[PDB]
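Visitor: Pasting an experimental structure with its sequence.
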Amino acid sequence: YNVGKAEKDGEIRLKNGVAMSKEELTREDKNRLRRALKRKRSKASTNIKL
Amino acid sequence: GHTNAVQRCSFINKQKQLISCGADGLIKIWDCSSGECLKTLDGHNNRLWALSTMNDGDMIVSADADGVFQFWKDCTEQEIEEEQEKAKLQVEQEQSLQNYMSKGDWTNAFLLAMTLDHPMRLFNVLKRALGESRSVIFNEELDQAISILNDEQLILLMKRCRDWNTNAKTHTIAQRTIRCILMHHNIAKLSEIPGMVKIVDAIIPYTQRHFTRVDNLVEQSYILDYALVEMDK
Amino acid sequence: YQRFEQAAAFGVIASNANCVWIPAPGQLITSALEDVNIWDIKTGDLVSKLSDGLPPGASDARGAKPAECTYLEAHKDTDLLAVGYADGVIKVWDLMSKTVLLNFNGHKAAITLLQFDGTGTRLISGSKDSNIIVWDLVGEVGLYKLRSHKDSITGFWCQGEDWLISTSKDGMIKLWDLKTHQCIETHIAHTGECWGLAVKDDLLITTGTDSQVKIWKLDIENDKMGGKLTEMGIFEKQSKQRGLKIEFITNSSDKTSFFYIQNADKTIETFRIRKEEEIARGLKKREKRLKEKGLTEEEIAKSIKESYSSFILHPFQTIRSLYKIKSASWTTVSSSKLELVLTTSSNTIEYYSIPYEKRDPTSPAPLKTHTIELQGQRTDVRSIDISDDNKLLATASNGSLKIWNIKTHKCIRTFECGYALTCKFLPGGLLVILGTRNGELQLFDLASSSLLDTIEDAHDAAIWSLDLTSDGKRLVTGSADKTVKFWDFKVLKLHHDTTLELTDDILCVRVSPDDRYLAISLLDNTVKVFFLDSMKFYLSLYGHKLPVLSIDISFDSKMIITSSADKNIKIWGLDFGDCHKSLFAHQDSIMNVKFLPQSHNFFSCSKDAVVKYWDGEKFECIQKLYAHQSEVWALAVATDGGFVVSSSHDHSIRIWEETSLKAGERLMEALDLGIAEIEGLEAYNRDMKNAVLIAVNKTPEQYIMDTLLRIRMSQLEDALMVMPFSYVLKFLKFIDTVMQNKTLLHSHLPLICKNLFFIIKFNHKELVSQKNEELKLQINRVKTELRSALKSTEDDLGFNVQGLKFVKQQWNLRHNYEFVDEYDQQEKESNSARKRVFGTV
């Protein structure tokens, strides 16, 4: 067993085992996590005149 | 968008929407202003020769050729009523959930997190609650709270214990919760919960590793004895 | 070159912000784009105009459009005005000195609401970026940020330093503890967007998107873990549109309370709060009416709750205004009458007075007492002109034509005209001639202040453009009816001379200065140049992708410019129809282009709110002017060339006038600070029988512990190796102290172990040689609980592994098929067993 995807789309699950629901996350965290996702994926006549 | 011939067309919601029945047996609800399919209703297995409406289409009745009648009813406002109420409840639980931690009422906050299913907040509840315990397992109130957990909530918790176990930095929180479960629940019942075994089967190998470690920490700690006996000489 | 600066900007009475009424009917404070106007409601004249400085177009002026005011708030006691701008910048203004005092910058979007505390030292700001920040006026700093909201702040209430209530556009009403900076309660006010908030004692009322209005009680000292706010009851306002603002006012003499729910539409709906005696009176009679009707007591009890709202609130009166309202404020409250002041989106202020006696008003409708409309014009100015004297500026719009004075900036005359599109002065500046959209042509005289002649069938379609010969005796009129008509001036009346029919619609018509050419734009994206004297077709310019909107011809009749909606300015040599260069000037359609007289330099205006100063011969943008907030519809240039006049969609007329430690080393400083204090307290306690730590708010045990965490593992073994022995005794004394606090020990047990045992192994030889008994006891203490703390964890791990095997063993019993033949059992187990694929070479 290796900790992988979140089965519920709402949840976010990482390889370290930390799990996260999108509701709890403050807005800045969501941005930070979204950016973290981005880098990880990258490595792998009337109208006219008036 | 109809796969086969359309045999009926009717306006509903006054001008806003249109409903059509086809030989395919699919009833499609269209948007007049945009011409886009809002919904598809599938209650037949053959061509539909009849389609009758009432109250601007608040009640819809469609017939299959085989002789099957589907009596559709508008429920948009009802579904909107349900989600509003469900949403109103959800906000109250969350706001309470944050508020309890700031006070530190762990026994309650565990329940709200368990219901709302916030894996982070649940973890912080157990961790800093466990911290207070260091100064039977967690505390009398919360241990009772775990005991009352039903079959669904145990599976969700044991899933969280499984993942936390895999990480060497958070396993201490996992093992004590698992210990609380075995000590306050009928072991016979836990076995019969479907899927608990596959969850359990994953817990054991990680647990054995954590036992091999720590043990070496006790072993390798005996250097302090050897330091002491030297000093006595 | 010489620089163009904004000499003045007028024509704006009230922009898109809130209005502040100040007693002397008294004055009013209103927003005028980047400037705030103080008016005298009695006289209708401007009192003073507040302008920060940095006039647009100057080098020091920023190259971006000015931030417009969005909210105004004045503290009457102290005479301060704090102004919120669309950039998120709050400027505290001195009314007496008419200067900026403070400049707060803490928001990323438009400021939506502002509110002084009662004592007037603390300022609370809510911005569209969903943040409520509390500012200190004497402190000149942002104290704390309230961030729970997830959308633009629509309303909040904070009358007491303890508590703050807030709304937002996301449908949440939230409570805030000012002393904790945290959100206590949360309710979903309205199904959609929650816009309004007003509070009187416990009573609280908010407005959603629909006509529904909610009533809540504010039991601030409830303290039950809930219910400090509870929904009381709902009532429906007449207007189906959203309610943006709500305000209370109390009559001192009669203790009566009134409130209005400012809608989005042209309706303001006033209300009264019934007195407590009135409620009990009403309740008793209604019980009788239902009891007479024969309902059961239980139904009566429910019905009184279902009819709860009716008892407190009385729909008092509805103010109907011709023009959409923007914001409102109560002005005076008295037994005799009730007075309101409001602003519209049509650039006007309205003062409404309501006389009333006891329950209901005396009049069916409110009495309109004062209005400020002279110094501004309701509809956007579509075409402007400058008189040859360069003294009188004519501004023509839908429904009205006004005439302005450039030196004094005070309007002289006003005429009611059709949907104006194009206006020009006749020579001498005594008459004006206008082009209506419906096809009519109007002639006015300034001296008579009356319209002289009307030609109702001048064109069957809109007269898009109109121009005069230099002589001023002939008139050329271009219309959407695909025709051009020449009119002569004979004593004054216009005689139609001849018609020129074209294939397509006509947008602009420009007669060259020497009256030898006639340039005709068309809708097929082609500009046709004719010979004025003989009307012989001369050239056909081609190359605009969208229709040409404006044309102009140089003073020497050599260069002709074409400006089109395709965002291009093309300069054409008139001799041969050659285009010198095509300029991608503006980001949106370019509306008007004019040559500076006696030169080839020209000005250009577009929908992007930008006016640009070009150089005719080198073809480069000399300067960019950012002053208007919206579309710049029309542009004019003085005959002398001293100034250029631009009027825009924001109802504003603007005049442009010519003028370190490494790992190991950090740990040592951590040890010295922490253990200096720990020894200090121990010595202090023994006898009884620092700045860094307080700043971080951590106990000495934690402070060093955190530093150990920050050290990366790849450096940790090397960091401890550098350590002299004298710090190891300090380090051992640290672990001893950490052992007492059992929470820390198990939080960081694996880390403490690895560092501790490594310190002992490395300098073992020196450790044992020391004969210090006290060190011996510490190793005794540090030893014992380290085993227990480790064994405690080990005991947990052992119990769980054996039990989970038992559970796995027991399920394996009930539900697992078993084969007596062992060979069959082999195959079953192999199929059941998990399989994983591994890449192999």
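Guide: In hand now; what should we look at? Numbers count the residues shown, from 1 in each chain, chains lettered A, B, ... in the order given.
Visitor: OK, contacts around the residue nearest the centre of chain C?
Guide: Centroid-nearest residue in chain C: residue C:110, 2.5 Å away (criterion: C-alpha atoms, centre = their mean). Residues counted as contacts of residue C:110 (C-beta atoms under 8 Å, 6 or more residues apart in numbering or on different chains) are C:70, C:84, C:85, C:86, C:87, C:88, C:127, C:128. From N, CA and C alone the C-beta is placed, and that goes for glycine too.
Visitor: wait, doesn't the fifth one sit right on residue C:67?
Guide: I take that to be residue C:87. Yes. Under the criterion of C-beta atoms under 8 Å, residue C:87 makes contact with residue C:67 at 3.9 Å.
Visitor: So if I had to pick from the two, which one is more boxed in?
Guide: residue C:67 (20 against 17; other C-beta atoms under 10 Å in any protein chain shown).
Visitor: Tell me which helix or strand the more buried one sits in.
Guide: Using DSSP states H and E, residue C:67 maps to neither a helix nor a strand.
Visitor: Touching, it and residue C:83? I think so.
Guide: No. Residue C:67 lies out of contact with residue C:83 (C-beta under 8 Å); the separation is 10.1 Å.
Visitor: dump the residue contacts of the residue nearest the centre of chain A.
Guide: Nearest residue to the geometric centre of chain A (C-alpha atoms, centre = their mean): residue A:34, 3.9 Å. By C-beta under 8 Å, 6+ apart, the contact list for residue A:34 is empty.
Visitor: That one and residue A:22: what is the separation?
Guide: Applying C-beta to C-beta, to the nearest Å, the value for residue A:34 to residue A:22 is 11 Å.
Visitor: Same check on residue B:189?
Guide: 33 Å.
Visitor: And these two? Which one has more around it.
Guide: residue A:22 (14 against 11).
Visitor: List the residues that contact the more buried one.
Guide: Contacts of residue A:22 (C-beta under 8 Å, 6+ apart): A:10, A:11, A:12, A:30.
Visitor: For burial, what's the neighbour tally of residue B:42?
Guide: Residues lying near residue B:42 (other C-beta under 10 Å) number 11.
Visitor: residue contacts, the residue lying closest to it once chain neighbours are set aside?
Guide: What sits nearest to residue B:42 in space, not counting adjacent residues and going by C-beta to C-beta, 6 or more residues apart in numbering or on different chains, is residue B:26, at 5.6 Å. Contacts for residue B:26 (C-beta under 8 Å, 6+ apart) come out as B:2, B:3, B:40, B:41, B:42, B:44.
Visitor: Give the PyMOL command for selecting the buried subset of those.
Guide: Only the buried entries of the contacts of residue B:26 go into this PyMOL selection, using 16 or more other C-beta atoms under 10 Å in any protein chain shown:
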select buried, chain B and resi 44
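Visitor: Looking at the contacts of residue B:26, which two lie furthest apart in space?
Guide: Using C-beta to C-beta, those reach their maximum pairwise distance at B:3 and B:41, which is 14.7 Å.
Visitor: and residue C:55, what does it touch?
Guide: Counting by C-beta under 8 Å, 6+ apart, residue C:55 has contacts C:5, C:6, C:61.
Visitor: repeat that with 10 Å
Guide: Listed by C-beta atoms under 10 Å, 6 or more residues apart in numbering or on different chains, the contact set of residue C:55 reads C:5, C:6, C:7, C:8, C:9, C:61, C:627, C:657, C:659.
Visitor: Distance check, it against residue C:3.
Guide: Applying C-beta to C-beta, the value for residue C:55 to residue C:3 is 11 Å.
Visitor: same question, residue C:603
Guide: Separation of residue C:603 from residue C:3 (C-beta to C-beta): 14 Å.
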